[PDB]
Amino acid sequence: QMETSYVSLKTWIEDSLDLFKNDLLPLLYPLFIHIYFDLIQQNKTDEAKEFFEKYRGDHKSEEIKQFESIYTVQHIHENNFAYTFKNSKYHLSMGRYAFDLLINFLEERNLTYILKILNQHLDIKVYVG
């Protein structure tokens, strides 16, 4: 499930070494929106609003308040900042180690939904050296 996986990732990150937390925290924002949009598409407007409200202060307030008013599938279609976000790639940059720790964690815990999001929706530049 989406929300459980978000939390379990969140809890792992917040516990990592500060050296990696920098490269890992940006990951929660696009994942967060993506979970919100996915609950909406499943037509779980209630669940979606609870999830959004709960973790919206974990990370960007200007953009958060743009999404606050987006509850339904129609609202995603009519607001281009929401449509663009859903259908385009969100870019992140990571060091090689943070990346490796991150994928090991998702694969070891079979966080199959978060890996889907990475592959389909995220554009991660892995800095090597």
# chains A, B, ... in the order shown; residues from 1 in each chain; ligands from 1

call {"tool": "select_by_dssp", "arguments": {"residues": "chain A", "states": "strand (DSSP E)", "output": "list in words"}}
result
residues 90, 91, 92, 93, 94, 95, 122, 123, 124, 125, 126 and 127 of chain A

call {"tool": "residues_around", "arguments": {"residues": "residue A:20", "least_positions_apart": "3", "cutoff": "8 Å", "atoms": "only C-alpha atoms", "output": "JSON list (two decimals) with N, CA, C and O atoms, in the first residue's frame"}}
result
[["chain", "number", "residue", "atom", "x", "y", "z"],
["A", 16, "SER", "N", 18.89, 7.80, 8.26],
["A", 16, "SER", "CA", 20.18, 7.70, 7.58],
["A", 16, "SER", "C", 21.16, 8.76, 8.08],
["A", 16, "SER", "O", 20.77, 9.71, 8.77],
["A", 17, "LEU", "N", 22.44, 8.58, 7.74],
["A", 17, "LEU", "CA", 23.47, 9.59, 8.02],
["A", 17, "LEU", "C", 23.19, 10.91, 7.31],
["A", 17, "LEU", "O", 22.75, 10.93, 6.16],
["A", 23, "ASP", "N", 20.50, 14.15, -0.13],
["A", 23, "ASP", "CA", 20.17, 13.60, -1.42],
["A", 23, "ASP", "C", 18.90, 12.76, -1.40],
["A", 23, "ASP", "O", 18.34, 12.49, -2.44],
["A", 24, "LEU", "N", 18.48, 12.32, -0.22],
["A", 24, "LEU", "CA", 17.32, 11.47, -0.08],
["A", 24, "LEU", "C", 16.02, 12.23, 0.19],
["A", 24, "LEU", "O", 14.97, 11.80, -0.22],
["A", 97, "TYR", "N", 26.39, 6.79, -3.67],
["A", 97, "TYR", "CA", 26.15, 6.02, -2.45],
["A", 97, "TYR", "C", 24.69, 6.11, -1.94],
["A", 97, "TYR", "O", 24.06, 5.09, -1.69],
["A", 98, "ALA", "N", 24.17, 7.32, -1.79],
["A", 98, "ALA", "CA", 22.77, 7.54, -1.42],
["A", 98, "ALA", "C", 21.84, 6.77, -2.34],
["A", 98, "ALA", "O", 20.90, 6.09, -1.89]]

call {"tool": "select_by_dssp", "arguments": {"residues": "chain A", "states": "helix (DSSP H, G or I)", "output": "number ranges by chain"}}
result
A: 2-15, 18-41, 45-58, 61-67, 73-78, 80-87, 96-108, 112-121

call {"tool": "closest_residue", "arguments": {"among": "A:49, A:60, A:109, A:44", "to": "residue A:12", "atoms": "only C-alpha atoms"}}
result
A:109

call {"tool": "closest_residue", "arguments": {"among": "A:108, A:58, A:63, A:123", "to": "residue A:90", "atoms": "only C-alpha atoms"}}
result
A:123

call {"tool": "closest_residue", "arguments": {"among": "A:71, A:99, A:52, A:127", "to": "residue A:27", "atoms": "only C-alpha atoms"}}
result
A:99

call {"tool": "closest_residue", "arguments": {"among": "A:41, A:68, A:6, A:73", "to": "residue A:53", "atoms": "only C-alpha atoms"}}
result
A:68

call {"tool": "closest_residue", "arguments": {"among": "A:117, A:102, A:70, A:40", "to": "residue A:25", "atoms": "only C-alpha atoms"}}
result
A:102

call {"tool": "closest_residue", "arguments": {"among": "A:19, A:14, A:30, A:78", "to": "residue A:94", "atoms": "only C-alpha atoms"}}
result
A:19

call {"tool": "residues_around", "arguments": {"residues": "residue A:116", "least_positions_apart": "5", "cutoff": "12 Å", "atoms": "only C-alpha atoms", "output": "PyMOL selection string"}}
result
chain A and resi 2+31+34-35+103+106-107+110-111+121-122

call {"tool": "atom_distance", "arguments": {"atom1": "atom CA of residue A:18", "atom2": "atom CA of residue A:125"}}
result
19.9 Å
